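**Student:** A single structure is presented below for examination.
Ideal geometry is used to build each Cβ from the backbone, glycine not excepted, and the neighbour counts take in all protein chains shown. Just so you know, all these numbers are worked out from the coordinates, no wet-lab data involved.
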Amino acid sequence: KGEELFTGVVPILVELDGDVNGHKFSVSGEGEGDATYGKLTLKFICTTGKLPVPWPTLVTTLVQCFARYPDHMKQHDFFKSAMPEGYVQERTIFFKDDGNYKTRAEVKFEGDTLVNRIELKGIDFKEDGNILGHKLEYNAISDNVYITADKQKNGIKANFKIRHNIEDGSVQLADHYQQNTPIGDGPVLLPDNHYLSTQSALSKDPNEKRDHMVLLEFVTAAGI
């Protein structure tokens, strides 16, 4: 029944509250998802002023229910099967030689709108590292999200790496560990091992003076 909620274009709202090394901030996002094409278009605004971390480091945190699952893999789509009640998504994100983010999000429908409500806590960051020093390029990210079942939680786990370009030509690795658990008590689809091929293009609205990010993203399941 959850998959039927994604056959057309679905409005998306994202709300994040964060604290990284004591720097508190909030982000609000709005956009649309079209799972038929695995396509997401969103604009995010820092509602508290200036974002204290680089926008690219928040992309993965800021709705994998919008993935395009090929017909032959649709029985492996945990994310839609949890809807409309939703799922809790938790991550730890280890920035190599720097701090970590720990995130908890609730992803669910509020009426016809798919909502991603997030809390983010970052600790152990270096004052003059790539994150708090804002040394990362405003650059796209792309990678594969490796998904496995977590029967014990009636959910899934995932792992993946993001390579963020640094301004000097080097790379800041962000190792992601993820867990998803359903909010409701209904049956869900527990998948065989597979991946999500994900690509995010980042841009700016030339007329927008608030600190913000425009995002175009494609997400497609594969590996079966």
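**Student:** Taking segment 1-37 as the search range and keeping residues that are closer than 20 Å to residue 210 by Cβ and over 16 Å from the mean Cα position of the chain (by Cα), which one is surrounded by the most Cβ atoms within 10 Å (Cβ to Cβ)?
**Tutor:** 20
**Student:** Still on this structure, I have one more. Just the residues that are part of a strand (DSSP E or B) and loosely packed, with under 14 Cβ neighbours inside 10 Å, please, taken from segment 122-135.
**Tutor:** Here is the first cut: in segment 122-135, the ones part of a strand (DSSP E or B) are 122-123.
Hit for segment 122-135 is 123, nothing else.
**Student:** For segment 103-137, what are the residues that are farther than 21 Å from residue 171 by Cα, basic (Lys, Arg) and in contact with a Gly (Cβ under 8 Å, 6 or more places away or on another chain)?
**Tutor:** Within segment 103-137, 108, 121 meet the criteria.
**Student:** Here's another thing I want to ask about it. Take segment 182-224 and flag every residue that is under 20 Å from residue 67 (Cβ atoms) and of a type in the set (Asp, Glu).
**Tutor:** The answer is 192, 217.
**Student:** Among 62, 40, which is the only one that is crowded, with 21+ Cβ neighbours inside 10 Å and within 25 Å of residue 150 (Cα to Cα)? Spell out how you get there, then give the answer.
**Tutor:** Numbers: 40 fails: within 25 Å of residue 150 (Cα to Cα).
When all the criteria are applied, what remains is 62.
**Student:** Working only within segment 41-83, note down all residues that are aromatic (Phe, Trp, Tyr) and more than 19 Å from residue 220 (Cβ to Cβ).
**Tutor:** Narrowing segment 41-83 to residues aromatic (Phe, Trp, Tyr): 44, 55, 66, 69, 78-79.
Passing the criteria: 44, 55.
**Student:** Let me ask something additional. Return the residue satisfying two criteria in turn: it lies in segment 78-116 and is among the aliphatic types (A, V, I, L, M) and over 12 Å from residue 184 (Cα atoms), and of such residues it is surrounded by the most Cβ atoms within 10 Å (Cβ to Cβ).
**Tutor:** So the residue we want is 114.
**Student:** Something else about it: For residues in segment 96-119 being farther than 16 Å from residue 31 by Cα and among the basic types (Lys, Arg), which is farthest from the chain's Cα centre (by Cα)?
**Tutor:** Among them, the one singled out is 96.
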